[PDB]
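Participant:
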Amino acid sequence: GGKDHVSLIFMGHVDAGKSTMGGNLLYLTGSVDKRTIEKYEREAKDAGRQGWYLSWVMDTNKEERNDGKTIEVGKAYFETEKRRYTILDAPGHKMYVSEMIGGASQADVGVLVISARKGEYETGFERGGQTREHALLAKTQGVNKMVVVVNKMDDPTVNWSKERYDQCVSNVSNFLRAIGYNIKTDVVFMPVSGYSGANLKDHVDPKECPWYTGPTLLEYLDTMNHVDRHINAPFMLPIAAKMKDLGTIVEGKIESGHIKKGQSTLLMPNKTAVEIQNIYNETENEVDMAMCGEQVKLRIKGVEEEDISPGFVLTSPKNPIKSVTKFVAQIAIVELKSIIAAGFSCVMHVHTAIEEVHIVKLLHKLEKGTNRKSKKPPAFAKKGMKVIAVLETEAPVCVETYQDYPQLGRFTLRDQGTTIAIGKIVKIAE
Amino acid sequence: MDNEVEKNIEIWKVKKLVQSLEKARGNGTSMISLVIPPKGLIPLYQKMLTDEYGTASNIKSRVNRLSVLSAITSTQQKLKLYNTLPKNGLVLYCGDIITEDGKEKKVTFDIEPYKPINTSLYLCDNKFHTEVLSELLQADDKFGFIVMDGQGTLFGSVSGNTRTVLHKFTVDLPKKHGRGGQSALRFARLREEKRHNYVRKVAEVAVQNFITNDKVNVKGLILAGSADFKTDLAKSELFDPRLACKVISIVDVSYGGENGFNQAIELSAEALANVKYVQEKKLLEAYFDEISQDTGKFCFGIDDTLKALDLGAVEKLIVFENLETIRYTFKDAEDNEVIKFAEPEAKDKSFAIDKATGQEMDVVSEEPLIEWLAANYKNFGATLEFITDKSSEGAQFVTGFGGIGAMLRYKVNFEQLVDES
Ligand SMILES: Nc1nc2c(ncn2[C@@H]2O[C@H](COP(=O)(O)OP(=O)(O)NP(=O)(O)O)[C@@H](O)[C@H]2O)c(=O)[nH]1
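Chains as they are written, first to last, in the entry's author numbering: chain P, 255 to 684; chain X, 1 to 421.
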């Protein structure tokens, strides 16, 4: 709405019931207060599809979505007894993970969600969830800690026991230190079930409360801070979607700073501007102003449909940026079994954009022309020439140098699905 | 085994001949294609060529009459060398072109191929319609790409080493239940009507594309998307006829964005595309995969080739139809020196010229190395195949090298080199 109202993106494996859980957080904030959705929750709950553990009113909503991809229509949120929360809910094998990173807000805190159990630990120790690439995109700028919720802590055979939770905390906490991040002041955990609740209030008698003394999830988020009176830092707005009516409609979060009705907004990628005809907040709407951390549905007066696409960011003329086509980069490859040959197709992961990329040629290695061996990458000698490459993609993608800012300028590469490399764009070319 | 890719110099070769025949560019209206089917008789054609000569003789307009008599008299002159139509038929190409090297010599091709039946062509127009042997060894359109999504659809085609996308639209189906009152349920009904309108509009534009004139242009047709937006496409009333019948694969993709989409076509092949020329899968990929294994299993273009080919040690050879490498002969004495399609130094390797000795190092000529690899590979116990740069990997070959790469049988080591330490 105005400011202090989070940036949160769920991440987790697709199986993790993360959409059920993110729906239960959206599900009428004020707590219960719901003369229509109490009637919907009266059983409705599912066919075999998302399947059923109580958390639902939302699992049968995947059913009809047609489905297998996505349950929380790249959409939720709520408020608590502190602040408002956006939500944005990673993949059920969707793209809502793209939707965060370069899209809707740089989380002050993400969230990781994991589902400890027999057939879930197996697919959770593969570990290749909508955590993985899906926190790296997520980290081309910022998004971290995330807490971690340990879902599925009632169905399996746990029957409200007091075990497995710590065993998962150890394995998950070596999995967050990987790559090289920060400490553990920012890596608490919360047991949940999606099945029921727990994380918003401790007013359950669950069977965790006989042993668990600590704050709830929201209290371990609320250890950050607030602000006040909107209009604080620079204005930014990522597009989740576009369609048109009288004027174009766009949907998306606001990243920082302010939108009122009847301001100009600039879209740099296109090179156009518009007046916003209206703003919808995110909660109970009555014609009021918004804040980084709610969305806005907006109406757009005097621009075309084509002029904006999802994953772009709007700002004021004041604190803006720029971007171009193919490019040169200094990429650092890890240990992988495969070598990148000159031209090879990887998937890039800048931002919202995951796209196929040809690494056409190899211009220099440590200092030589050769295939991209460099398993542990730079010239070990003076200036770290990991490799210098040229990357080419299907359509011109909005990217800048890392030197102006490290966001748009960093990206990961992965061949199949093992992350071969990371780098920075050095220079722009047509 | 299938020789796939081995086939691809040969396919290519035909193709000049199809363009040069059809084109005959040379101006003048004196080009005769005569194809005579197996078991037809040769003088029924000789007598038609003589009845046309006698008519051609009435034109009496010196240039035009001389073209058509020169054209008929050339095909007639060749037809005499053949006794009968042989088994498999006769093809004959005759006509006066803008020949080069002021050496003249109208085109004269006369041969027996393998099996063009009942085609029986005699035309002297701009084009000979040689067809149905050309239909028979079809090569058409290939694989059909139809992409659902919740945001919008896509139609395209991957055809050999031709991928084409260029025909799409989008939808906002109604996903916004609306807010402000009303109801609950109402949206879900509005949702199922507007999704039915996409099941009509995607399937109809797919009928308006892929099934061209009274038959599907494409051999095969893949439905790709997510979350049963395609299963309600495939088992439907609106889609069916003759297209439901063709569907090879139903591929599940992620965020559906182009990578997912490609991986889609990819997994696909294997038993579909068919022929044995264009598609490769299982074979192409093996070539690339097997080199990956730091099993130095590559020849790829620019350093090791002829030598290894002379010395057994190659499973499958990967060459391109557009190769800018050849063989040259003439240099050094008491023996022979061989030149490869001369690069920045090969073209002017005149340096090898021992002026203070005589060693004449004059950059040979020009021979074609493409055709030789398609006529030898059994003696070496190896193989040979061909491809194109029509793609990411393709463009690597040109920049990294020229157009010739090999696939050592089993794990051999990257050929040592000075640069290597
Ligand atoms: N026992 C148990 N099962 C759960 C829980 N949450 C989800 N599941 C199961 O896991 C399946 C997948 O959950 P889901 O949240 O849709 O995964 P997702 O892929 O992250 N969702 P999305 O891709 O839409 O974000 C569901 O069909 C459900 O049966 C939970 O807390 N406990």
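Even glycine gets a Cβ: it sits at the ideal position worked out from N, Cα and C.
Could you tell me which chain X residues have their CB closer than 9 angstroms to the CB of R319 (chain P), listed as they occur along the chain?
Facilitator: Residues of chain X passing the Cβ test: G150, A227.
Participant: Suppose contacts are defined by Cβ-Cβ distances below 9 angstroms. Is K336 (chain P) in contact with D440 (chain P) by that definition?
Facilitator: no
Participant: Could you tell me which residues DSSP puts in a beta bridge with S599 (chain P)?
Facilitator: P:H612
Participant: If you measure between the beta carbons of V260 (chain P) and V363 (chain P), is that distance less than 9 angstroms?
Facilitator: Going by beta carbons, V260 (chain P) and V363 (chain P) fall inside the 9 angstroms limit.
Participant: In whole angstroms, what is the alpha-carbon distance linking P344 (chain X) and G671 (chain P)?
Facilitator: 41 angstroms
Participant: Looking at the secondary structure, which residues open and close the beta strand (DSSP E) in which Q151 (chain X) lies?
Facilitator: Element bounds for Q151 (chain X): n/a, residue is neither H nor E.
Participant: Applying the 10 Å Cβ sphere with the 16-neighbour rule, what's the burial state of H457 (chain P)?
Facilitator: exposed
Participant: Please work out which residues of its chain come closer than 6 angstroms, Cβ to Cβ, to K348 (chain P), disregarding the five sequence neighbours upstream and downstream, and give them in chain order.
Facilitator: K323, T324
Participant: Quick one: grab the DSSP three-state call for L166 (chain X).
Facilitator: strand
Participant: Does any CB atom of chain P fall closer than 9 angstroms to the CB of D110 (chain X)?
Facilitator: no
Participant: Among X:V107, X:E367, X:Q19, which one has its Cα closest to the Cα of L323 (chain X)?
Facilitator: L323 (chain X) has its Cα closest to that of X:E367, out of X:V107, X:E367, X:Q19.
Participant: When the distance is taken between beta carbons, is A374 (chain X) closer than 9 angstroms to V275 (chain X)?
Facilitator: no
Participant: Report the start-end ranges of each beta strand (DSSP E) in the region 360 to 403 of chain X that is 3 residues or longer and not cut off at the edges.
Facilitator: 385 to 387
Participant: Would you list, in sequence order, the uninterrupted beta strand (DSSP E) runs of no fewer than 3 residues that lie entirely inside the region 21 to 107 of chain X?
Facilitator: 31 to 36, 90 to 95
Participant: Are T305 (chain X) and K411 (chain X) touching if we call contact CB-CB under 9 angstroms?
Facilitator: no
Participant: Could you check whether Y307 (chain P) and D408 (chain P) sit closer than 9 angstroms to each other, using their CB atoms as the reference points?
Facilitator: Yes, they are a contact pair.
Participant: Our contact map puts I533 (chain P) next to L552 (chain P) with C-beta atoms below 8 angstroms; I'd like the distance itself, whole angstroms only.
Facilitator: Separation of the CB atoms of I533 (chain P) and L552 (chain P) is rounded to 6 angstroms, and the pair is thereby assigned contact status at 8 angstroms.
Participant: Does the distance between the C-beta of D343 (chain P) and the nearest non-hydrogen atom of ligand 1 fall short of 8 angstroms?
Facilitator: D343 (chain P) has its Cβ nearer than 8 angstroms to a heavy atom of ligand 1.
Participant: What is the rounded straight-line gap between the Cα of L92 (chain X) and the Cα of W12 (chain X)?
Facilitator: Near 19 angstroms, if we compare the C-alpha coordinates of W12 (chain X) and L92 (chain X).
Participant: Helix, strand or coil: how does DSSP classify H388 (chain P) here?
Facilitator: helix
Participant: Which one of X:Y114, X:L21, X:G358 has the shortest CA to CA distance from residue 423 (chain X)?
Facilitator: Residue 423 (chain X) is absent from the structure shown; chain X starts at 1 and stops at 421.
Participant: Which residues of chain P have a Cβ atom closer than 8 angstroms to the Cβ of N27 (chain X), listed in chain order?
Facilitator: Residues of chain P passing the Cβ test: none, with the nearest at roughly 42 angstroms.
Participant: What residue range is occupied by the uninterrupted beta strand (DSSP E) comprising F665 (chain P)?
Facilitator: 664 to 668
Participant: Taking the alpha carbon of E610 (chain P) as the point to measure from, which residue in P:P492, P:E648, P:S273, P:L617 has its own alpha carbon closest?
Facilitator: P:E648
Participant: What is the DSSP secondary structure of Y419 (chain P), reduced to helix, strand or coil?
Facilitator: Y419 (chain P): helix per DSSP, three-state reduction.
Participant: State the DSSP-derived secondary structure class of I485 (chain P), mapped to helix, strand or coil.
Facilitator: coil
Participant: Run through the DSSP bridge pairs and tell me what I291 (chain P) is partnered with.
Facilitator: Answer by DSSP bridge pairing: none, since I291 (chain P) is not bridged.
Participant: Taking 7 angstroms as the limit between beta carbons, can you name the residues of its chain near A244 (chain X), skipping five residues before and five after?
Facilitator: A234
Participant: Establish whether the CB of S392 (chain X) and some CB of chain P are separated by less than 9 angstroms.
Facilitator: yes
Participant: Listing by chain order, which chain P residues have their CB less than 9 angstroms from the CB of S292 (chain X)?
Facilitator: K591, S592, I593, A595
Participant: Starting from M275 (chain P), trace the alpha helix (DSSP H) both ways and give me its first and last residue.
Facilitator: 272 to 280
Participant: For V653 (chain P), which residues does DSSP report across the bridge?
Facilitator: Beta-bridge pairing links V653 (chain P) to P:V578.
Participant: Going along the region 496 to 528 of chain P in order, which residues come within less than 8 angstroms of chain X, judged by CB to CB distance?
Facilitator: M497
Participant: Using a Cβ-Cβ distance under 9 angstroms, would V412 (chain P) count as near chain X?
Facilitator: no
Participant: Relative to chain X, which residues along the region 349 to 363 of chain P have a C-beta separation below 7 angstroms, given in chain order?
Facilitator: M349, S352
Participant: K393 (chain P): which of P:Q421, P:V481, P:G434 sits nearest, CA to CA?
Facilitator: P:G434
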